[PDB]
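[1] Experimental coordinates for this protein are included below, preceded by the sequence.
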Amino acid sequence: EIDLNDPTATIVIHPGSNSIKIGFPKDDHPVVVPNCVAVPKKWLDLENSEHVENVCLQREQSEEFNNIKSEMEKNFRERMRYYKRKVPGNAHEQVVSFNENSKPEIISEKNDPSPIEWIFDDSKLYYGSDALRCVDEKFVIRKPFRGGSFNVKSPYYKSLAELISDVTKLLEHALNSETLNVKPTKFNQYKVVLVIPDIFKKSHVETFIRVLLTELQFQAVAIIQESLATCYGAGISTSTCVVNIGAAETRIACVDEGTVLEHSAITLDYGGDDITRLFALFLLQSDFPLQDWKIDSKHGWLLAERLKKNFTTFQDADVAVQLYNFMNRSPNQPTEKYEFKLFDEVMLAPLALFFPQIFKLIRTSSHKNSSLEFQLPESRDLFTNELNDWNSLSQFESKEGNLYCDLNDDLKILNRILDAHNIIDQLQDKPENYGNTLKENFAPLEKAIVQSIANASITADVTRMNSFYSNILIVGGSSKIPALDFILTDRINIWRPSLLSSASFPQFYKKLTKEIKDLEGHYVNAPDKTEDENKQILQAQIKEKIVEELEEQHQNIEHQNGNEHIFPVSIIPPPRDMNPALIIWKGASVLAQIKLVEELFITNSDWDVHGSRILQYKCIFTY
Ligand SMILES: Nc1ncnc2c1ncn2[C@@H]1O[C@H](COP(=O)(O)OP(=O)(O)O)[C@@H](O)[C@H]1O
């Protein structure tokens, strides 16, 4: 019952597309609960909405895709050369696929599971790991969450009601488990710290808080953004830049002195799933023993995910023509073992993180539910009536393909950088249906980080650029690819422009901003011409000059009569044998355990009196 602030009575929850992490803050680990709900096929209208898409794929692809994969193969040839080895390659034996029926002795292939005890009873819904053994000739699988936000676009819900009912039944499931054994009636004994994305939907967060308090009936809820948690999870003191690669999205933000820098936040619309898709496509393309591979099927997906989870690498020293194998488990058959060979497919796949247009090509365009999305309108200011979610400059820029990393000359980069505060201004109160609603962000990871970094400095405290370039956390379940930190460093260094490489840029940019201020400022009398309307351009052309004057000055200043100071690229993975997927929960559970949380719990009464308004007063970030 009673509402003290004590870590015993707290539950930490970090939702996401793949799985919901959940447990008490003192737990060495959280329970990781798959983000699924399996629904009997007969309980749903399945005609008009249609797309019985759980049964179809494509080995042959477009020209544009073959081009890109060709380009990807050359990139691979080159790296390989630049260190190691090449061969006769693709020439094969899987063209003659030989299958070996196993007895019911399936020893473990990886992680925590072994042979599959399936579920045929289609008279109830099933949750989590249980939904995963739900044979999909009787069940459909829907997923309440899309990475910390609510999965609005799914076709298998018809209203927020449905969506929330199984959000609450998924959590209850989670909360009822061997290791944390919590029934709904005892829920009101517990506070929750909830992790939320860096660019959250205010309507979603608010809804979620409203449910945790008012339906599930928890004591009090505190919220934190992913990036900040991932810092408490590790070391929070510095200014750091978090890259977070999960299944659906990859998320990048910089954090400095306790706040997530808004204009650094990027959400790339690709992640581990896309790799899993690309990789299976790639094997199919190298004549893989299973040729009709129903991938958007629950059963085939689970295979594509297992292989890639086993086999993808960025480790050039381990790339060889080699002998792998897998067991294709049986909805209604005998377990069948196959044996296949592999060469480059293990790297081409993850390399698509740098050629993400390929990912767009191999998946269908979003098909969101307007009858659902209607019910969850985007939060607006109760006064002005304007979209009032956090709105990132970097996200806007990257989505639109306006990356400094794609700019050649030092002037245009500097002119845009000198322009930012205007573009962020035009952003916050534009005729702003502008800056695409529907568009997905497919910027390549390396160029994205650079943006995130560049904008986080110039829009806050420029001097921290060094700190940022030498604390890039790579976190998140999909980041467990080996040698990711290696290839990534290689690439930023290829791609980060020289102007944004000079360790003395900030000090320079800090000078240029001053001498530009000394033109609007220490000339507060109408410019030298007696009569003017355009004469702000004679000081706009003097701006343009002082730009080039210092821009040049700094380049002559750059020979330095010798050695050069230049930002590092320190990408830091967690140690081998720690789970990057779980840093975030860990961080949230660190918060849950200190003096701070106390000031940050929105209690029930809090909520009833004020509504979403308290987030203005009780919140670790400026709501
Ligand atoms: N060993 C591995 N190699 C590559 N990717 C992996 C490995 N293990 C897990 N993954 C992927 O990590 C991701 C973890 O997702 P999660 O961390 O929840 O992201 P989100 O925040 O969108 O849920 C999944 O896409 C999973 O496929």
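    Cool, the structure landed. Numbering: from 1, shown residues only.

[2] Residue 187 and residue 175 touch, don't they?
    Yes. Counting by CB atoms under 8 Å, residue 175 is a contact partner of residue 187 at 7.5 Å. Backbone N, C-alpha and C define where each C-beta goes, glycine included.

[3] ok, those two, which is more surrounded?
    Using other CB atoms under 10 Å, the more surrounded residue of residue 187 and residue 175 is residue 175, with 22 against 19.

[4] Could you say which helix or strand holds the closest residue in space to residue 39 that isn't next to it in sequence?
    Distance criterion CB to CB, 6 or more residues apart in numbering; nearest residue to residue 39, sequence neighbours excluded, is residue 140 at 5.1 Å. Assignment of secondary structure by DSSP states H and E places residue 140 within strand 139-142.

[5] Report the residue ranges of every domain in the chain.
    1-49+111-225+578-623, 50-110+272-365, 226-271+366-577 (curated CATH domains).

[6] so which of the ones you listed comes closest to the ligand?
    domain 226-271+366-577 (1.7 Å; CB to the nearest ligand atom).

[7] CSV for the domains of the chain, including distance to the ligand?
    Formatted as CSV, these follow (distance: least, CB to the nearest ligand atom, whole Å):
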stretch, distance to the ligand
domain 1-49+111-225+578-623, 3
domain 50-110+272-365, 3
domain 226-271+366-577, 2
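
[8] Residue 267 falls within a helix, correct?
    No. Counting by DSSP: H, G, I helix; E, B strand; the rest coil, residue 267 is not part of a helix but strand.

[9] That one: how many residues sit nearby?
    Residue 267 has 23 nearby residues by other CB under 10 Å.

[10] My read is that it contacts residue 199, right?
    Yes. Between residue 267 and residue 199 there is a contact at 6.2 Å, judged by CB under 8 Å.

[11] Common neighbours of those two, please.
    residue 395 (CB atoms under 8 Å, 6 or more residues apart in numbering).

[12] Could you pull up the residues touching residue 463?
    Per CB under 8 Å, 6+ apart, neighbours of residue 463: 457, 506, 507, 510.

[13] no wait, residue 98
    338, 339.

[14] What of residue 239?
    Contacts of residue 239 (CB under 8 Å, 6+ apart): 254, 255, 256, 257, 464, 467, 468, 471.

[15] ok, and the most crowded of those residues?
    residue 254 (34 neighbours).

[16] Thought residue 238 was touching that residue, still the case?
    No. Between residue 254 and residue 238 no contact is recorded; they are 10.7 Å apart, counting by CB under 8 Å.

[17] most remote residue from this structure's center?
    Residue farthest from the centre of the chain, counting by CA atoms, centre = their mean, is residue 530 at 56.5 Å.

[18] any chance you could map the helices in the stretch 1-150 of the chain?
    63-83, 129-132 (DSSP state H, counting those that start in this stretch).

[19] got these as TSV, with mean neighbour count columns?
    What follows is those, written out as TSV (neighbours: other CB atoms under 10 Å):
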stretch	mean neighbour count
helix 63-83	13
helix 129-132	18
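
[20] Closest to the centroid, which residue in this protein?
    By CA atoms, centre = their mean, the most central residue of the chain is residue 250, 2.4 Å off.

[21] who are the neighbours in contact with the closest residue to residue 498 other than its chain neighbours?
    Residue nearest to residue 498 in three dimensions, not counting chain neighbours: residue 410, with 7.3 Å by CB to CB, 6+ apart. The contact partners of residue 410, taken as CB under 8 Å, 6+ apart, are 497, 498, 499, 551, 555.

[22] Would you list the phi and psi of the closest residue to residue 568 other than its chain neighbours?
    Of all residues not flanking residue 568 in the chain, residue 470 sits nearest, at 4.8 Å (CB to CB, 6+ apart). When read as degrees, to the nearest 10, the backbone of residue 470 gives phi -120, psi 20.

[23] check contacts around residue 470.
    Neighbours of residue 470 in contact, by CB under 8 Å, 6+ apart: 567, 568, 569, 570.

[24] go on, residue 61?
    Shown in contact with residue 61 (CB under 8 Å, 6+ apart): 281, 361, 362.

[25] Scan the contacts of residue 410 and report the most crowded one.
    residue 499 (22 neighbours).

[26] measure stretch 112-121 end to end?
    Stretch 112-121 has an end-to-end distance of 25 Å (CA to CA, to the nearest Å).

[27] neighbouring contacts of it?
    38, 104, 106-108, 126, 130, 133-135, 138-139, 329-331, 335.

[28] again, but for stretch 448-460
    241, 243, 250, 252-254, 256, 261-266, 268, 393-394, 397-398, 403-405, 417, 420-421, 424, 443, 463-465, 468-469, 472, 488, 492, 495-497, 500, 506, 509.
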